[PDB]
Amino acid sequence: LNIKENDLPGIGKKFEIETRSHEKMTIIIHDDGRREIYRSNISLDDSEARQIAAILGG
Amino acid sequence: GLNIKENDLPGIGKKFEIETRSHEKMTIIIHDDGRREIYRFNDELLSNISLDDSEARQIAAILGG
């Protein structure tokens, strides 16, 4: 998995991810815990993203 | 306040239908082989994302903080 992480001071973290199935998406982790996933856009908060990550992570 | 509905898929794996308080409807299929399929009812009605175990676990680690 190809992962490019950038620290964005005052905004949070940013992860650019490309899958082996050639699917590109961007994940932004704001300092307020809010998750934003672009591909099309979906926004989650801290608790929700953790639950979904628990499911996804198996 | 997440609403999660889980169903077993005979010969496939598990099905998770998820809705948020922000009302975001997505569907996550976890195959027994390890593959993860994520669906979203958005031009493109139902978008799809395909992952394998390693990829899924990494994205989770990113989302899970």
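We name chains A, B, ... by the order of the sequence lines, and we start the count at 1 in each one.
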message = So which residue, A:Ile52, A:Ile42, A:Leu44, ends up with the most heavy-atom pairs under 4.5 Å with chain B?
response = A:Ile42
remark   = Apart from A:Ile11 itself, members of its ILVMFWY cluster (side-chain separation under 4.5 Å) are A:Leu8
Same apolar cluster: B:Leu45 and B:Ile29, side chain cutoff 4.5 Å = yes
query = Relative to chain A, which segment of B:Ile49 carries a heavy atom at a distance below 4.5 Å: side chain, backbone, both, or neither?
reply = both
Between chain A and chain B, going by a 3.5 Å limit, which atoms form donor-acceptor pairs, if any?
from    : atom 1 : to      : atom 2 : distance (Å)
A:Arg20 : N      : B:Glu55 : OE2    : 2.6
A:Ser21 : OG     : B:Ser50 : O      : 3.1
A:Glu23 : OE2    : B:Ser50 : N      : 2.7
A:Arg35 : NE     : B:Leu63 : O      : 3.0
A:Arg35 : NH2    : B:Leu63 : O      : 3.0
A:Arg39 : NH2    : B:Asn48 : O      : 3.1
A:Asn41 : O      : B:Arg40 : NH2    : 3.4
A:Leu56 : O      : B:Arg36 : NE     : 2.9
A:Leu56 : O      : B:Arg36 : NH2    : 3.1
A:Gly57 : O      : B:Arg36 : NH2    : 3.2

query = How long is the gap from CD1 on A:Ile37 to CD1 on B:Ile38, to the nearest 0.5 Å?
reply = 8.0 Å
remark   = Under 4.5 Å to a heavy atom of chain B? For A:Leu56 that would be both
ask   = So what's closer than 4.5 Å to chain B heavy atoms on A:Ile55: side chain, backbone, both or neither?
value = both
